[PDB]
Amino acid sequence: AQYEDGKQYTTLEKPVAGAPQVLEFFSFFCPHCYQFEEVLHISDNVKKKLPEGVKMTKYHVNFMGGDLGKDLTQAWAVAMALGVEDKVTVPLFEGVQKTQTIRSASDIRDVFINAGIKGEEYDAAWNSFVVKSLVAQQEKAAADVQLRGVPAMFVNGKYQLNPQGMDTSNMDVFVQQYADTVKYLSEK
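Below, the structure is given as structure tokens:
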């Protein structure tokens, strides 16, 4: 075929019932994730080719960067609850990997503040049980697929994107192939 299992994607031997339709995992410590977000804009180019009616979900993971890694998953929960993902994603990446000014939970907080979220609102969210359960959801989904690496994308809880098996000579062509594969898998 043109899309072969084991080539542009792999199939989970343990399919995950009721999983989000498009599920992406990342870490603000993950160098390829930085690329995926700020250079390739993967999430965006997938959405642009997804059918109508398919929701897109993106979760942070704990297994990189120790304590600060967990702080970032809780902050990503805050980001999701307040709907401010598009305002903090870039400074979190650059704060962690570019400028290295993120060294503590308080430095993570500064990014939200600088992005215009108010102190009280952040701290209230940070401490809220809605955020606790949003953290739990992020962990459960990563648990459900044995996740030990990022970036990672899963479609319908059955198929996992395999970027190692796509041409990387051209970044535009890589992204289109990636997105087209998600669309294929999505219609499967």
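Per the authors' numbering, residue 1 is the first one in the sequence shown, and the count goes up by one each step.
Note that beta-carbon positions come from the ideal geometry of N, C-alpha and C, so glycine has one too.
A residue is called buried when at least 16 other Cβ atoms come within 10 angstroms of its Cβ; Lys58 meets this threshold and is buried. Three or more pairs of CB atoms, one per stretch, sit closer than 8 Å, so the region 139-153 contacts the region 20-29.
By the C-beta density criterion, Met171 is exposed, having fewer than 16 other C-beta atoms within 10 angstroms. Leaving aside the five residues that flank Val131 on each side, the residues in its chain whose CB is nearer than 8 Å to its CB run, in chain order, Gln74, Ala77, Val78, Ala81 and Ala125. Boundaries of the alpha helix (DSSP H) harbouring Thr181: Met171 to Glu187, taken from the DSSP string.
Around the beta carbon of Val173, fewer than 16 other beta carbons lie within 10 angstroms, which makes this residue exposed. Here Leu134 has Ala77, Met80 and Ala81 as same chain residues with Cβ atoms under 7 Å from its own Cβ, once five neighbours each way along the sequence are excluded. At a cut-off of 3 residues, the continuous stretches assigned as beta strand (DSSP E) that sit fully inside the region 52-97 are 56-60. Three or more Cβ pairs drawn from the region 33-42 and the region 88-103 lie within less than 8 Å of each other, which places the two stretches in contact.
Here the alpha carbons of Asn127 and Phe112 stand approximately 15 Å from one another. Taking 8 Å as the upper bound for CB-CB distance, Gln160 and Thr10 are in contact here, some 5 Å apart.
DSSP places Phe29 outside both helix and strand once states are collapsed to three, so it counts as coil. A check of alpha carbon separations from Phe154 across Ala1, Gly119, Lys98 and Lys55 identifies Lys55 as the nearest. Shown here, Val16 sits in coil according to DSSP, grouped into three states, outside any helix or strand. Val16 is the residue among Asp167, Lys47 and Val16 whose C-alpha sits nearest the C-alpha of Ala141. About 19 Å separates the beta carbons of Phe129 and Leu72, which is beyond the 8 Å limit, so they are not a contact pair.
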